[PDB]
Protein chains: 4
Amino acid sequence: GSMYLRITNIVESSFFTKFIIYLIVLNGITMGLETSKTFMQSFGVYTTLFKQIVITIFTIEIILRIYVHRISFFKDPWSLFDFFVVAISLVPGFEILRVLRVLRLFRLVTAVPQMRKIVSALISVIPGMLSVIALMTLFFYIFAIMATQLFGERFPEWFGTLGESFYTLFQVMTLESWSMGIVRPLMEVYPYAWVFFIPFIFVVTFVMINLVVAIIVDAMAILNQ
Amino acid sequence: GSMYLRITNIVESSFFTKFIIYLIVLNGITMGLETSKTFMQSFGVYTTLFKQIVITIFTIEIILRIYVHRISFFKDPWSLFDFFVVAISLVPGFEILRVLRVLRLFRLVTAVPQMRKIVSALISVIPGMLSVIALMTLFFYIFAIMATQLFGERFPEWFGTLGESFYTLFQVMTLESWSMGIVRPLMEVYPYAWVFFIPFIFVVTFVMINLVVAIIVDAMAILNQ
Amino acid sequence: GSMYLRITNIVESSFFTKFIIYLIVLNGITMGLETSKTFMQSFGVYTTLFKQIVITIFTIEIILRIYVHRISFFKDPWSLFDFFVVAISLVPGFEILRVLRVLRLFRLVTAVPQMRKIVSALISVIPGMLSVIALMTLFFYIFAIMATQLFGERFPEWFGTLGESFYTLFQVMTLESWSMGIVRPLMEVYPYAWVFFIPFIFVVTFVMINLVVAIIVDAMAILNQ
Amino acid sequence: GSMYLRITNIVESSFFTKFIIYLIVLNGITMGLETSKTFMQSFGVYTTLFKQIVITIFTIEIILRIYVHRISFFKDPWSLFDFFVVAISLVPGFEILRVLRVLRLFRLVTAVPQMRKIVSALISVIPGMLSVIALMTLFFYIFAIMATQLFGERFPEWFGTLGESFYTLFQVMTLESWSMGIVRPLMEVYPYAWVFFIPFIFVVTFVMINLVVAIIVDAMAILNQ
Ligand SMILES: CCCCCCCCCCCCCC(=O)OC[C@H](COP(=O)(O)OCC[N+](C)(C)C)OC(=O)CCCCCCCCCCCCC
Ligand SMILES: CCCCCCCCCCCCCC(=O)OC[C@H](COP(=O)(O)OCC[N+](C)(C)C)OC(=O)CCCCCCCCCCCCC
Ligand SMILES: CCCCCCCCCCCCCC(=O)OC[C@H](COP(=O)(O)OCC[N+](C)(C)C)OC(=O)CCCCCCCCCCCCC
Ligand SMILES: CCCCCCCCCCCCCC(=O)OC[C@H](COP(=O)(O)OCC[N+](C)(C)C)OC(=O)CCCCCCCCCCCCC
Ligand SMILES: CCCCCCCCCCCCCC(=O)OC[C@H](COP(=O)(O)OCC[N+](C)(C)C)OC(=O)CCCCCCCCCCCCC
Ligand SMILES: CCCCCCCCCCCCCC(=O)OC[C@H](COP(=O)(O)OCC[N+](C)(C)C)OC(=O)CCCCCCCCCCCCC
Ligand SMILES: CCCCCCCCCCCCCC(=O)OC[C@H](COP(=O)(O)OCC[N+](C)(C)C)OC(=O)CCCCCCCCCCCCC
Ligand SMILES: CCCCCCCCCCCCCC(=O)OC[C@H](COP(=O)(O)OCC[N+](C)(C)C)OC(=O)CCCCCCCCCCCCC
Ligand SMILES: CCCCCCCCCCCCO[C@@H]1O[C@H](CO)[C@@H](O[C@H]2O[C@H](CO)[C@@H](O)[C@H](O)[C@H]2O)[C@H](O)[C@H]1O
Ligand SMILES: CCCCCCCCCCCCO[C@@H]1O[C@H](CO)[C@@H](O[C@H]2O[C@H](CO)[C@@H](O)[C@H](O)[C@H]2O)[C@H](O)[C@H]1O
Ligand SMILES: CCCCCCCCCCCCO[C@@H]1O[C@H](CO)[C@@H](O[C@H]2O[C@H](CO)[C@@H](O)[C@H](O)[C@H]2O)[C@H](O)[C@H]1O
Ligand SMILES: CCCCCCCCCCCCO[C@@H]1O[C@H](CO)[C@@H](O[C@H]2O[C@H](CO)[C@@H](O)[C@H](O)[C@H]2O)[C@H](O)[C@H]1O
Ligand SMILES: CCCCCCCCCCCCO[C@@H]1O[C@H](CO)[C@@H](O[C@H]2O[C@H](CO)[C@@H](O)[C@H](O)[C@H]2O)[C@H](O)[C@H]1O
Ligand SMILES: CCCCCCCCCCCCO[C@@H]1O[C@H](CO)[C@@H](O[C@H]2O[C@H](CO)[C@@H](O)[C@H](O)[C@H]2O)[C@H](O)[C@H]1O
Ligand SMILES: CCCCCCCCCCCCO[C@@H]1O[C@H](CO)[C@@H](O[C@H]2O[C@H](CO)[C@@H](O)[C@H](O)[C@H]2O)[C@H](O)[C@H]1O
Ligand code: NA
């Protein structure tokens with residue numbers, strides 16, 4: 001009751017979240033310096049223990065947050081994200097987790113209010129995009145299957161798999177080395193390969209243009225009214 | 001009369017189109033697995049016959065649809081598309097048709113209502129573009145002819161044909177390896193080649209920008225009113 | 001007087017301009033077929049004389065047009081363009097003119113009304129762009145001079161001239177092989193070369209974005225009112 | 001008093017700033033010609049002294065400007081820029097300053113009113129971008145650290161440093177040789193490298209799209225009202 005009110009008044013105070021922010025920036029500087037190998041021979045003893053103390057502080061502070069807000073902490077996406085980040089950082093995963101630990105720096109966007117505002121502004125335009133995202137995914141899946149069965153035996157590196165055909169169709173979509181890297185080599189053996197790729201590029205570019213216009217008229221519809 | 005009303009009540013029922021949708025997704029999974037050669041040695045006997053039964057079901061179900069709606073089925077673009085897809089899938093074409101058979105997966109967009117809504121939204125912005133499309137096609141045709149007669153003998157691979165000059169001008173338009181892949185090699189022998197290509201890129205980029213702005217002010221004109 | 005009224009009624013009749021249009025499309029087909037060398041061994045005798053008769057018809061028909069409208073023909077940009085095109089096509093220029101002759105196909109846009117409408121729509125957005133065009137040209141000129149004097153001796157092919165530095169800065173602007181083609185080779189000898197090019201790319205991209213937004217708010221300003 | 005009023009009437013007269021403008025354009029022509037080495041053997045004696053007289057004139061004329069407007073000259077960004085430019089041009093820096101001297105040509109934008117108007121129009125859209133700029137910088141910093149610690153030992157040239165990982169992530173962002181130049185070489189040894197780069201590209205492209213839409217709705221918000 002009084003303990004609760006006092007400890008919640010600590011958890012949702014400014015100085016608490018500010019202290020967490022400043023641990024975040026200091027530890028961001030830390031992880032920036034830890035990529036330097038000469039630096040690590042000299043100061044690795046210190047930098048590792050600094051990461052240890054920040055992570056215990058974070059785990060304690062989500063213990064307090066989750067104490068204050070039991071169900072609503074798990075109903076809240078930002079705190080859900082802080083939980084899952086410190087949890088990943090807490091697990092001892094074949095070293096692939098060491099690189100995942102630096103995701104804790106993303107907590108900066110959850111701790112600081114303006115960053116939180118812009119990333120929710122970013123997520124909010126995604127609902128309107130689901131229709132075109134699914135249209136494009138189906139178009140890519142149908143074309144990936146055709147590109148695989150058309151070019152897979154003679155070009156195993158680029159189209160031998162459904163997965164590699166996704167990859168290289170996605171490359172083509174970004175128009176990166178499309179004709180010189182993939183189409184023209186293909187035409188040295190399959191001469192009408194452009195019949196598959198020119199339409200692919202045209203439809204993909206037009207749908208991608210329509211995606212971005214679709215966004216604007218949404219941000220404008222909330223504006224003119 | 002009563003038979004008609006009963007069989008039309010079956011054809012335009014939800015469960016019918018839903019069953020067709022679920023055959024579509026199952027067969028999409030099927031065609032996804034059929035690109036895998038090891039999978040096919042094991043289960044090709046089954047996967048081929050699954051494709052056989054889905055295609056007979058589709059042909060039966062367009063027989064029913066076309067029965068219900070004789071003229072209007074052929075006046076309807078989505079059903080016209082389903083007809084032509086199953087028809088392609090029904091024809092025994094030098095194996096080039098085997099890859100065309102996976103176009104049947106596109107029926108998913110015609111069967112499901114939201115996909116149908118977004119692709120007609122996509123087609124509908126095309127009318128407004130016809131003017132600029134034809135302007136660009138004429139500009140490409142005039143430039144393709146000049147690039148052919150300017151660079152064709154000394155660069156047969158890139159400009160020896162009107163068709164190859166279309167191709168490589170289209171490549172340049174996507175700005176993919178423009179100077180490094182085509183212009184600079186050309187300048188090693190024809191030093192003023194940039195006089196042809198820099199304007200080409202400028203006019204092409206400006207017209208393409210104007211295309212996309214042209215789209216927005218159309219989607220906005222239906223909005224502000 | 002009556003002769004005038006009758007011959008002007010012929011020049012500004014539909015069938016006259018339509019006949020000119022159909023000569024244009026036939027001759028476009030002609031010039032398309034003339035790039036084919038095997039075709040020319042067979043039918044070059046005919047195709048050349050077809051180009052001769054169309055060009056005499058065009059010169060006669062601008063003689064009539066300029067007869068009808070003396071000063072205003074020269075005050076009119078479309079007719080100014082037809083004049084200069086047939087004039088180029090009439091001059092016997094070291095064969096560089098043979099390729100310029102196909103510019104006569106552009107007369108199609110001047111003869112047909114809808115094409116004329118869209119290309120003036122295209123020209124009309126250019127006035128608003130003069131400010132940013134001149135800002136960019138000054139920025140390119142200042143940077144081209146620095147890139148020349150910084151990298152010209154050790155990289156004569158890319159930056160040895162002010163002209164070659166324009167060219168390759170323009171290439172960088174289109175982001176085509178920027179780091180792999182130019183920056184990274186430069187850094188193998190001049191390690192801080194990115195200090196010149198990263199800002200260049202940032203400012204160039206931001207100004208180019210601002211150019212395109214600048215266009216939209218103009219096309220919208222004529223709309224919301 | 002009277003001297004002041006007379007000398008301020010000279011400094012803020014048109015002909016004064018116009019004369020400075022014409023020195024600027026003449027000296028721009030000069031610096032354009034100075035990159036030419038054959039030109040310099042012939043006329044370098046003259047061109048260097050021309051640059052000497054223009055720079056003394058500029059230093060005198062900012063002496064007069066700063067005389068007229070003591071505090072407000074330093075409170076004014078355009079005059080602050082002219083000051084710092086002539087000051088750089090006045091310092092005798094291991095020849096790295098010789099190339100910086102051509103920045104004096106940028107004074108043209110500060111002297112001429114329309115250029116001044118468009119560049120402040122350009123700066124003014126930057127405030128609204130700070131939120132997304134900082135979001136992207138944090139995302140790049142977190143990913144640069146992961147790309148360094150994931151790929152640095154086996155790819156020292158592209159990811160051996162935090163700085164080189166910034167560079168090549170920025171390259172990927174411009175989609176320049178992404179898969180062919182970096183991802184596919186990486187996959188020859190680290191096969192799941194796309195799990196790092198495909199998301200990177202998706203999030204980076206979406207945030208960059210949102211940046212540009214963010215700009216438009218700002219330029220439109222000042223318009224519809
Ligand atoms: C919002 C996010 C802001 C991001 C701003 C980023 C500012 C820093 C970017 C770093 C750019 C330079 C990196 C670099 O040059 O790397 C070199 C070293 C590794 O080399 P090293 O092995 O030390 O080689 C020594 C060679 N020697 C003896 C001749 C000197 O590698 C390093 O030493 C890297 C040192 C990085 C310092 C950390 C900077 C933290 C900035 C603030 C981030 C806080 C937000 C979480
Ligand atoms: C986060 C919010 C929404 C995100 C929007 C995108 C959502 C859809 C994402 C794609 C869904 C399909 C994923 C997929 O098919 O994965 C297949 C492959 C498997 O890779 P793999 O076969 O292991 O790679 C081979 C390379 N090797 C052997 C030499 C190592 O892995 C890949 O190659 C994937 C390549 C990129 C595929 C992108 C597909 C784009 C579809 C439409 C995207 C939206 C456009 C607006
Ligand atoms: C709206 C459209 C949604 C699209 C979502 C796409 C999700 C699936 C993307 C597939 C990405 C991965 C593809 C891939 O990795 O290919 C590998 C195999 C071929 O290799 P394989 O010859 O089996 O090599 C065996 C090697 N061994 C023995 C060591 C294991 O190739 C395969 O096995 C591919 C298996 C694909 C499964 C089908 C997935 C269907 C997803 C739902 C689509 C329904 C809408 C029509
Ligand atoms: C679906 C809705 C509307 C679509 C908008 C585009 C409509 C216009 C499409 C193009 C019309 C002209 C087609 C054409 O000229 O085809 C010529 C070539 C023939 O190829 P080919 O000579 O067999 O290729 C040689 C390569 N080889 C020998 C080594 C195998 O084949 C090609 O290389 C074609 C290359 C692409 C040409 C694109 C022309 C773009 C014009 C404006 C496009 C619209 C921009 C908004
Ligand atoms: C608004 C503008 C519309 C533009 C639509 C463009 C439609 C035509 C695009 C041409 C695409 C194909 C070009 C092509 O494949 O070139 C091959 C030949 C040159 O090869 P050739 O030397 O004949 O080799 C013979 C080989 N052999 C004996 C085994 C057959 O090269 C040719 O034969 C080219 C023939 C082109 C025919 C002219 C088409 C005119 C279309 C309408 C344009 C009118 C508007 C002015
Ligand atoms: C039509 C309506 C308005 C058009 C907007 C653009 C207006 C401004 C155009 C550029 C003005 C300056 C032209 C210029 O500086 O020409 C220099 C070079 C000379 O070439 P050169 O030195 O012969 O090339 C060397 C290659 N080699 C020896 C191996 C054969 O030739 C080039 O390399 C030129 C390269 C492209 C320069 C583009 C400069 C862009 C400035 C801002 C463009 C507008 C962005 C919105
Ligand atoms: C708003 C900004 C407007 C910018 C407009 C730019 C117009 C000029 C662009 C220059 C493009 C051509 C550059 C070029 O071709 O470079 C060649 C020479 C260096 O070669 P060089 O060593 O002379 O070789 C001689 C070879 N020989 C004996 C056989 C003739 O290199 C040169 O001679 C370059 C000469 C450039 C002349 C200066 C042009 C000033 C234009 C107005 C700028 C005023 C605003 C500040
Ligand atoms: C002017 C108004 C606002 C401007 C917007 C951008 C503001 C943020 C800029 C970037 C801040 C971080 C700078 C940084 O981390 O510098 C690190 C490296 C150090 O280079 P270094 O390690 O010496 O390069 C190695 C190459 N070598 C050894 C072979 C010579 O140097 C680099 O490689 C930098 C590479 C480009 C980094 C761009 C980061 C973009 C973040 C978001 C950009 C805004 C997107 C809208
Ligand atoms: C919504 C729009 C949908 C657009 C869909 C378009 C699909 C069209 C795909 C075109 C694919 C072209 O791929 C085509 O494959 C066949 C099948 O082997 C090749 O066929 C042949 O190739 C060469 C011929 O010199 C030989 O090695 C061999 O005799 C044979 O395999 C064709 O020469 C090639 O051009
Ligand atoms: C709406 C805008 C329209 C823009 C249209 C612009 C068209 C301009 C095209 C410029 C083309 C340049 O192409 C030009 O071709 C001629 C004709 O052989 C070459 O001429 C020469 O090339 C080299 C010279 O070293 C020699 O091999 C040879 O003696 C000769 O063929 C020129 O050196 C080349 O620079
Ligand atoms: C069936 C679909 C209907 C077809 C019509 C749809 C449009 C298709 C256009 C062809 C696709 C290739 O698209 C190519 O993309 C590149 C991207 O670098 C464009 O380059 C772009 O540069 C600027 C700067 O970003 C853009 O504002 C502009 O849209 C475009 O000019 C090429 O100018 C464009 O041609
Ligand atoms: C509006 C924004 C304006 C932005 C303007 C930015 C301009 C900055 C330009 C940075 C250019 C870097 O170019 C720099 O040139 C000098 C001058 O030789 C090189 O200096 C040195 O290079 C290498 C060093 O290993 C040696 O061969 C040699 O001893 C020497 O020439 C630098 O190492 C290089 O990094
Ligand atoms: C006669 C025509 C009038 C000439 C003026 C018309 C504009 C011409 C611009 C030069 C054309 C090259 O166009 C080049 O396209 C590339 C596409 O990757 C742009 O790169 C682009 O990145 C972003 C992200 O998409 C775009 O929002 C932006 O438009 C542009 O900066 C280059 O910045 C631009 O310069
Ligand atoms: C907001 C979104 C955030 C997205 C973040 C995504 C991060 C995911 C990064 C995936 C990185 C893949 O990088 C992965 O690195 C490990 C660690 O060595 C490699 O592991 C192995 O590589 C090869 C295996 O043949 C061998 O040389 C060796 O035995 C081993 O090092 C993996 O095979 C590689 O695929
Ligand atoms: C001082 C200036 C202020 C700096 C901020 C201005 C923005 C600078 C951004 C960095 C420039 C590189 O710009 C790079 O252009 C490429 C063009 O292929 C973009 O790729 C683009 O793809 C799509 C499709 O066209 C565009 O709608 C979008 O704008 C962008 O994501 C990269 O995502 C972008 O990062
Ligand atoms: Na490229």
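Backbone-built Cβ (ideal geometry, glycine too); neighbour counts: all protein chains shown. Read the figures in this text as sums done on the coordinates, not as results from a lab.
Under a plain spin-label model, where a point goes 7 Å from the Cα along Cα-to-Cβ, how far apart in nm are residue A:203 and residue C:121?
Going from the residue A:203 label point to the residue C:121 one covers 2.7 nm.
Which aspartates and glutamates have a Cα lying under 19 Å from the Cα of residue D:37, excluding residues fewer than 8 positions away in the same chain?
Output for residue D:37: C:153, C:157, C:164, D:95.
For the stretch A:106-169, what class follows from the C-alpha gyration tensor (a ≥ b ≥ c being the square roots of its eigenvalues): rounded when a/c is under 1.5, otherwise prolate if a/b is larger than b/c, else oblate?
Oblate is the answer for the stretch A:106-169, as a/c is 1.5 or above yet b/c matches or exceeds a/b.
Taking square-rooted eigenvalues a ≥ b ≥ c of the alpha carbon gyration tensor, is the stretch A:27-167 rounded, prolate or oblate, where a/c under 1.5 means rounded and, failing that, a/b exceeding b/c means prolate?
In terms of gyration-tensor shape, oblate.
What does the highest-first list of B:86-92, D:81-87 look like by mean Cβ count within 10 Å?
Most protected by this proxy first, the peptides run D:81-87, B:86-92.
I need the shape label for the protein assembly as shown. Rule: rounded when a/c is under 1.5, else prolate if a/b > b/c, else oblate, with a, b, c from the alpha carbon gyration tensor.
The shape class here is oblate.
Per residue of the stretch A:183-192, what does 6.51 cos²θ - 1.76 cosθ + 1.60 with θ = phi - 60° give for ³J(HN,Hα)? Whole Hz please, x for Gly and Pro, Karplus curve as stated.
Running phi through 6.51 cos²θ - 1.76 cosθ + 1.60 with θ = phi - 60° gives 4, 4, x, 5, 5, 4, 10, 10, x, 9 Hz.
Residue by residue, what Karplus-based ³J(HN,Hα) values in Hz, rounded to whole numbers, does the stretch B:12-18 have, using 6.51, -1.76 and 1.60 with θ = phi - 60° and x for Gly and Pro?
Karplus values, whole Hz, x for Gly and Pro: 9, 7, 5, 4, 4, 5, 5.
Which whole-Hz couplings ³J(HN,Hα) result when phi for each residue of the stretch D:204-218 is put into the Karplus expression 6.51 cos²θ - 1.76 cosθ + 1.60, θ = phi - 60°, listed in order with x for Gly and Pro?
Those phi angles translate into 4, 5, 5, 5, 5, 4, 5, 4, 6, 4, 4, 5, 4, 4, 7 Hz.
Say the dipole of the stretch D:55-207 comes from +1 at the beta carbon of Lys and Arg and -1 at that of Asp and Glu; which of D:114, D:64, D:99 then lies farthest toward its positive end?
D:64
Given the DSSP H assignment, sum -39500 (n - 2.57) over each helix run of at least 4 residues in the protein assembly as shown and divide by its residue total; what's the result at 222 nm in deg cm²/dmol, nearest 500?
After summing the helix terms and dividing by residue count, I get -25000 deg cm²/dmol.
Treating the beta-carbon of each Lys and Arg as +1 and of each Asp and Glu as -1, no other charges, what is the dipole magnitude of the stretch D:1-125 about its Cα centre, to the nearest 20 debye?
Dipole of the stretch D:1-125, to the nearest 20 debye: 100 debye.
Which net charge results when you count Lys and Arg as +1 and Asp and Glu as -1 among the other residues whose beta-carbon is under 15 Å from that of residue A:72?
Net charge around residue A:72: 0.
Distance check, please: which entries in C:75/D:117; B:18/B:75; A:75/B:117 exceed 27 angstrom between their Cα atoms?
C:75/D:117; A:75/B:117
Quick check: the distance between the Cα centres of the stretch B:11-90 and the stretch C:143-161, to the nearest angstrom?
62 Å
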